[PDB]
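One chain follows as structure tokens, the form deposited in one PDB entry.
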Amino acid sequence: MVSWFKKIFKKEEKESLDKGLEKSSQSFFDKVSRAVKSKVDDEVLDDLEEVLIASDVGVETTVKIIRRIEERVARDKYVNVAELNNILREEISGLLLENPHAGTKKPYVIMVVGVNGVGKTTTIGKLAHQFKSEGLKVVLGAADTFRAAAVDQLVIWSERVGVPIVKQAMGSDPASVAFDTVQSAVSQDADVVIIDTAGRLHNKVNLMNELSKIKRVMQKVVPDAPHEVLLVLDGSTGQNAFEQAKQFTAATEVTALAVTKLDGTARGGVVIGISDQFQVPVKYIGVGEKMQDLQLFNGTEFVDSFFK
């Protein structure tokens, strides 16, 4: 049922994913390596569950993985601990395919949402770079109008990637920037609009109202907009990103998730729990510094690289 966002990987892309999950992969193996001795018995399975919890895979997800693994091991007379790598890869890949919400007119308008410090502006810059590389005309909108760092960074991305940016002085109405952005995009025959927005969990009411107003105003120009609402999450915080995402997706309509900062963390297993539990697909993962290291998501390849 699940059809991943990226079905064919170049050799360089698979290597980037391998290296991006290497810290999490080594950390998980270091834990399961210490957890043992020769045969997979229930003491090993209890210990492996603790390892999965300790690797930020998540409680609800870990329980389902262990449940399926317990059934598989309870089939053959004996299972050597060497088989753990293969059993983990096969059962977790199958689980991720069980979530029906996983996987898959101009301008296409993307509203990027999330809190400060998660990697929103870098994600916008990389998306702009990728779309332009496909021949698409991109316009950026700096609708986080009260945070100078966000506007400054988006300006730098617009100059580095070579795409126009629509912005206004600090403190302007974000809905006015969003309107101007989509109006400018229509007049310039742009293919893609990417809107940066302010984000914060405290004062959630005001946040929800601002996001609804931004959408309402853009719909005056492009009735289908936003076509995508992309929530950016910091994977280096592990399950903290999961609960933070739970808050945003209930406060406003999100259509896709991006999980950043996986290469420098040992907590990348949170992607498995997010893909398993959320009713919104993981669409992008950040696995390195390159523009192409914001990868479209494939849970089967992710699980393969995690347990390499």
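Between two forms, the rigid core is defined as the largest C-alpha subset superposing within 1.5 Å. The first residue of the shown sequence is 1; numbering continues from there.
The following text describes the form solved in complex with a small molecule, which does not appear among the structures shown.
- Proximity to the small molecule in the deposited bound form, defined as a heavy atom within 4.5 Å, singles out one entry of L231, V192, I92, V118, which is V118.
- None of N99, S184, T122, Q130 but one reaches within 4.5 angstroms of the small molecule in the deposited bound form through a heavy atom, and that residue is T122.
- Although the partner is absent from this view, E49 stays clear of the small molecule in the deposited bound form, with no non-hydrogen atom inside 4.5 angstroms.
- Not displayed here, the small molecule is kept clear of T62 by more than 4.5 Å at the level of heavy atoms in the deposited bound form.
- By the criterion of a heavy atom within 4.5 Å, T260 is counted among the residues contacting the small molecule in the deposited bound form.
- Residue contact check for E289: one or more of its heavy atoms lie within 4.5 Å of the small molecule in the deposited bound form.
- With the partner left out here, the small molecule still marks one of 37 to 45, 22 to 30, 245 to 253, 261 to 269 in the deposited bound form; by a 4.5 Å heavy atom cut-off that stretch is 261 to 269.
- With the core held fixed, the Cα of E13 is displaced between this form and the one not shown by less than 2 Å.
- Core-superposed comparison between this form and the one not shown: CA of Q292 displaced by 2 Å or more.
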